[PDB]
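Asks: Residue numbers (PDB author numbering), protein chains in the order written: chain AA, 52 to 250; chain Bj, 2 to 86; chain Bl, 2 to 50; chain Bg, 2 to 63; chain Bk, 3 to 78.
The beta-carbon is built from N, C-alpha and C at its ideal position, and this holds for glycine as well.
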Amino acid sequence: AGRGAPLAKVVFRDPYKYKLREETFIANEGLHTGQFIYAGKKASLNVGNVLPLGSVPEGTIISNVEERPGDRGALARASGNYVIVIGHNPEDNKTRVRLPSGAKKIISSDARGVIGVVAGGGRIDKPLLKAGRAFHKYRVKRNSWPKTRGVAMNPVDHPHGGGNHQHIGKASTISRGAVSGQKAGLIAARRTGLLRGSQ
Amino acid sequence: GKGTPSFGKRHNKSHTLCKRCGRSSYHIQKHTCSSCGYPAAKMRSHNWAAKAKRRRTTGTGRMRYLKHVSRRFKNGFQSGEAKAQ
Amino acid sequence: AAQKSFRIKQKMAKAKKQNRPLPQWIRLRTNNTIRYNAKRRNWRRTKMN
Amino acid sequence: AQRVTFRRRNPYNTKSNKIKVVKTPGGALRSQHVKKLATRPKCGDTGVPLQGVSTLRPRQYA
Amino acid sequence: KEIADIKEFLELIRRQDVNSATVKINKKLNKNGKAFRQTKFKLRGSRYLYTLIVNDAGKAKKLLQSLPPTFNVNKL
RNA sequence: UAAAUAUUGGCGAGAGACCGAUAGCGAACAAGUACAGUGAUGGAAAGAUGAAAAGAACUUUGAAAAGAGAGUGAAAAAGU
RNA sequence: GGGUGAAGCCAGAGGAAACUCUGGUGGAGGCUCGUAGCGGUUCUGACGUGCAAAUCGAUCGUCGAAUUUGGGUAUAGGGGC
RNA sequence: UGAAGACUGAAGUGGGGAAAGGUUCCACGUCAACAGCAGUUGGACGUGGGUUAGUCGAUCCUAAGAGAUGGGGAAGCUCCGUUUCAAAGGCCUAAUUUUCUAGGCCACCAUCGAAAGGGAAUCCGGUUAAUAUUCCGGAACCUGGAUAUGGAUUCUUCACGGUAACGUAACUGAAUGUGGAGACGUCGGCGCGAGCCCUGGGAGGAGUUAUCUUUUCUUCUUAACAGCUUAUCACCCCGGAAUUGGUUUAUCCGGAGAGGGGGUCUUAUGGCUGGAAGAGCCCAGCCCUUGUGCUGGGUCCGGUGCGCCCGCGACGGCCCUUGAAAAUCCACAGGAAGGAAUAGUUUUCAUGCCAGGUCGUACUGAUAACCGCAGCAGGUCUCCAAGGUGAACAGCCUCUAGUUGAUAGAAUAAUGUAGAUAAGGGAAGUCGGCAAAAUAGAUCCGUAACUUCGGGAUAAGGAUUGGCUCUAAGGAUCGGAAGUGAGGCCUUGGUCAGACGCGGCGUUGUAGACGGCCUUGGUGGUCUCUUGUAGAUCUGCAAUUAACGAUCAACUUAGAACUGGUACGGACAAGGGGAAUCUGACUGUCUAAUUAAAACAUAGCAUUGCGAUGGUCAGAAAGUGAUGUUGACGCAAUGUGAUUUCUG
RNA sequence: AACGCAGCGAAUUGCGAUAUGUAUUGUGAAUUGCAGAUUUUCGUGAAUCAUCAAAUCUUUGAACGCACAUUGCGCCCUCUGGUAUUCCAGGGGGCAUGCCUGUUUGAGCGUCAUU
Ligand SMILES: [Zn+2]
């Protein structure tokens, strides 16, 4: 509920007891019920299998990647997102990795990652239309919706507000070295206005 | 209808009776009294209200132990009993 | 209110017995300045808790 | 023709407070508070109802 | 209440938890083939009260006499 | 580490060029009482028949309350 | 309680073919007329030492969802929402 | 108190509850004050009486939350945190047969939170001035204790049966693990059942009667619980499908084995028997100071449905929404340990014994018991719900039940308040068609610019509607004319019981009706005749499709004639319409008691910051927090405001 | 702080199921609105008297078995009932937290000597 990702619940054995422990995995697009999954160093390269970054070739695709070893997941958990492996290092166990925003990062070689793209892709494509559809999205998340424009408010309630005409008055580009209360607008902006093509 | 129509909806209780002070001023949502401050260690007294102490302080009650102490002090805290002549 | 507690019912038990007029033989006592009961309660006029 | 009342104080028509009207040997129409239905026992592996086993709410078949 | 059978009725009397037994007369008329008598032998003690239906008045009279003298035969 | 020094609280005694029931403590009386507020809190009015109740038996008008007479007492121009 | 009749299915007619028309079935929608419910447009009507420290009437808006409401629980004064 | 008029009209002036009040409920006495008139009456005043539970609630479990402990802050009042950088325990069996000691397994963790969520088990009839699922009578059921009788099981043993789905009255099972129930949204139609409504025949009672009506109204009911039967959905065996079949209102399914033939199971729901006619209701008749009874009768057999309202079932649409948790109870895997024959195991089954604490339980629930200074046209959460009109829980009129309460009397001036109508004209009135008028239901005809092709649209604009007598179309159940041997009525022959009633003091005498079984022939058309009548009311040898016959039953839709002071959605109920301009796209929201809009919100569009040692934000401080049960199709911070079209 | 107690009290004044008080001591005949006794009245004794050194002290509260809008729910020792080490009820006695002094069981290759 309130998550762009269908989960998956896998049953593993306890090596030291006669018992079973279930773990909640994020399902990559390709999984199905009544399927085997192989997690470890010696595990093979298929969709669903969990491998450490060191035992994987260059140009592979993964998700639910750990920042450290033992983090239990962090990078690339959202819908239709995936991390690509670029480089390798023998000295210093540290692979090179590209994150879905664009900014690359060096991660340890023993860190994990589930193979394949995250399921439920193409969620953002359809428009919501009626406002009631947007209500039900935020109804099962937080209380962050019906946002009033700050310029429409009184000068007490917000900095932009006040005046006979609805205008801002002073520059919306606000510094990094500011304080809480002032920061309403574009915080530490390099560019402004309409950007063309290249991000 | 801020006046008389809204007064029609009043049929709840923010306060109930208290164990310690015996007064209808025990907040249920907060789990604490406004008058005495139950359940805490102390009695909720304030110097800014002199009348608050005057209503509840020693002398008002029965004093069913302290009432007989001045009599015991004067005689010198005795033990045993009187005999006869 | 039908489904009431024992601590509430104990207070209302007192309110029954205390609400009664002044007995006549007290008025013939020596010194005595009392005539009628001041502490008296009717259900319509004044409320309890 | 002949109207009916509740029995167990609780006035609101919730689950575990529903009424089947019934004719008595006296003649008057009166209410009786119907118990909730028991779903069937089901399989472990598949999601199929299990045959040759009674319904009953969990306590009735102790 | 349970029912009858016959037999078992005779074995129920051997308990002597069941002490007394009332009888009832109810005139019926099966589509006026015969307007007949019927009787009903009820046995109390303890969880259940048992009852046997006997239609023929002849068969009832043989059974009514055959029980012990000490057995309390109530009526109506 | 006693004494000479403090004290609008507590227990026990003395006094006054102080107030005299709209005064003096909020309170001379069943006063932190009756009553108001969800609640912290707010907060009144109310003393005096006569020495002794001897608090008006009995008649008569009235459905009754009371009234006219009578009677008590120094006085009822003292009737709760 | 009515009105409108979207996808999905069934049958027919036309045509050399590509396909195009007609009739049923079905019951979609922050659709629509309107009762209870919730609101409060106009009469600048009634009342205006009132029935009422905000009510009374007629006329009106919306009426299957960004709906209406009980009990429990959270947020407290330069603070909350 | 009687009689007559009235109203609310079952979304109520009806019958019950929740919050809240707290004796207002009920009886006897009685009117100084209060009930803005009065008072013999009273929710007033004085004095008493009244609330009975193993099963109804609370108690118990958890929810959003609250909150000790170990720790770390703070001069301190106390703040953070709830599984943490804690040595955090309580559950079973013997040993020993002093009743104290020995076996063991297993292990991130207080406690409060719902009288609408979860949840062990009770119904009918009677009784009081006032109480009842709570007392009385009669019939059940659960949980926790004890325990012995019967049955079952046992020479190889912890039962046998069926191809199978599965069955039977019972039919060992520790540590440990696994699974199910508890456990879950909404709109739509179709099907099944309950209750009410409607209606036929009889068996009673009341009403009407100048005249008419085999009629107007009312009574004919059956609880929990026990037993045997009954189902859509699933599922098993047999057998092998394109000329593709089966099939729903709704198009789904089949070599992963359809249709067809034969089976098994859940018991929701109905049917019969017990409960249980002894009860309740409805008549008729006896006494009787009271209390009361006491004695006869009857309580029966059906039909119909787009009916109303509730529940259950199999199905189909919705979503960037997929619609609680825990206590609690059961099952399976697993084989620990323990057992026999001269005897032993079983208390998941049949019967039988004992016990069931504490607190709440009256009445009102509002134009008079609650809040509003008060007996204030205000406000305040729910359940049951009849007949007619009609699309209808609309409006108008009745039945059951409940009120007949809101200071009264006499005249009918002006000016008011609420309702009304008006010759000729038709907005000339006025800031402004404000206010009021006209239109309105159904069926058939007919329908423009413009358009995001979905709409505009009930566009505009015409015609018709009564009463009475007829005609037409639309269904469901059941039946084929002849060729023998065998199982309704009547009779023939065999074969077997045998009902009740009465009289002398349980007994002894005594008439004595009738019932089924087994089995040969005869029994609508026809003839004999002036004429017929009873029941067409079990297997053989094997003719047939629209060419049909019977029997019962709804309400819809068309068409025709006749008829009237041309009236007919006759009361009630019910859109005025058209051509433009400014403005916001739309549905939605706010100034509680002067501003409902062009303001706010919105989908869509764009910009900015952030890769966790991070962004935004809290806190006096912390070994402290929110976003975050999060990770760029995400979180945070702003502007603009659907679509088409552009943004120098 | 609540709830109770007088022969007839609602409040105030007293007291706690031994409830307008009991025992002990002193004074020496009352209390009094109306009852009623008790004869205690040459006394080991009236009394709403004074006095006060022995006891009782409901449910609570710093409030202490865990909770507490609940007269909620448990555990241990002990005697008596119902057949009873284990279940049901009844009478009696107990179970909070921090800190100090000692006692008894213990934990740690923290560490010393002996086989
Ligand atoms: Zn307090």
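#1: Quick one, are the C-beta atoms of Bj:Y39 and Bj:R56 less than 7 angstroms apart?
#2: For AA:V61, which beta-bridge partners are listed by DSSP?
#3: Give the straight-line distance between the Cα atoms of Bg:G48 and Bl:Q11, rounded to the nearest whole angstrom.
#4: Using the three-state DSSP reduction, which class does Bk:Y50 fall into: helix, strand or coil?
#5: Looking at C-beta atoms only, is the number of pairs between the stretch 115 to 128 of chain AA and the stretch 164 to 183 of chain AA that lie closer than 8 angstroms three or more?
#6: In terms of residue numbering, what span does the beta strand (DSSP E) encompassing AA:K155 cover?
#7: Would a C-beta distance cut-off of 7 angstroms place AA:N115 and AA:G121 closer than the cut-off?
#8: Going by DSSP, what residues sit across from Bk:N74 in a beta bridge?
#9: Using 8 angstroms as the cut-off, can you tell me whether the stretch 45 to 61 of chain Bk makes contact with the stretch 5 to 15 of chain Bk, which would need three or more C-beta pairs spanning the two stretches below that distance?
#10: Rounding to the nearest angstrom, what Cα-Cα distance links AA:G201 and AA:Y189 in this structure?
#11: Once DSSP output is grouped into helix, strand and coil, what is the label at AA:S114?
#12: Exposed or buried, what is AA:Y133 when buried is set at 16 or more other beta-carbons lying within 10 Å of its beta-carbon?
#13: Going by the C-beta, is Bj:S36 closer than 6 angstroms to any heavy atom of ligand 1?
#14: Cβ of Bj:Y39 versus every heavy atom of ligand 1: is any distance shorter than 6 angstroms?
#15: Output the boundary residues of the alpha helix (DSSP H) element that contains Bk:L66.
#16: Grouping DSSP H, G and I as helix and E and B as strand, with all else coil, what is Bj:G38?
#17: Just how far apart, CA to CA, sit AA:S231 and AA:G214?
#18: Per DSSP, which one or two residues make a beta bridge with Bj:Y27?
#19: Less than 6 angstroms separating the Cβ of Bg:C44 from some heavy atom of ligand 1?
#20: With DSSP run on the structure shown, which of helix, strand or coil describes Bg:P12?
#21: Between the beta-carbon of Bk:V25 and the beta-carbon of Bk:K63, is there less than 7 angstroms?
#22: Do Bj:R57 and ligand 1 come close, with the Cβ less than 6 angstroms from some heavy atom?
#23: Which term fits AA:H211, buried or exposed, when burial requires 16 or more other beta carbons within 10 angstroms of its beta carbon?
#24: Could you tell me if the beta carbon of Bl:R46 falls within a distance shorter than 6 angstroms of some heavy atom in ligand 1?
#25: On the CB-based measure, 16 or more other CB atoms within 10 Å of its CB, does AA:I77 come out buried or exposed?
#26: Taking a contact to mean a Cβ-Cβ separation below 7 angstroms, would you say Bl:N38 touches Bl:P22 in this structure?
#27: So for Bk:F38, helix, strand or coil by DSSP?
#28: Run through the DSSP bridge pairs and tell me what AA:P103 is partnered with.
#29: To the nearest angstrom, how far is the alpha carbon of AA:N144 from that of AA:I158?
Replies: The short version:
#1: no
#2: AA:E74
#3: 57 angstroms
#4: Coil at Bk:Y50, not helix or strand.
#5: The answer is yes - the stretch 164 to 183 of chain AA touches the stretch 115 to 128 of chain AA, with three or more Cβ pairs under 8 angstroms.
#6: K155 to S159
#7: no
#8: Bk:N74 is bridged to Bk:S22.
#9: Three or more Cβ pairs drawn from the stretch 45 to 61 of chain Bk and the stretch 5 to 15 of chain Bk lie within less than 8 angstroms of each other, which places the two stretches in contact.
#10: Cα to Cα, AA:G201 sits roughly 21 angstroms from AA:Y189.
#11: strand
#12: buried
#13: yes
#14: yes
#15: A59 to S68
#16: coil
#17: When rounded, the distance between both Cα atoms is 23 angstroms.
#18: Bj:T17 and Bj:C34
#19: no
#20: In the structure shown, the three-state DSSP call for Bg:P12 is coil.
#21: no
#22: Because no heavy atom of ligand 1 lies under 6 angstroms away, the Cβ of Bj:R57 does not count as near it: no.
#23: Counting Cβ neighbours within 10 Å, AA:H211 comes out buried, since at least 16 surround it.
#24: no
#25: buried
#26: yes
#27: strand
#28: AA:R163
#29: 9 angstroms
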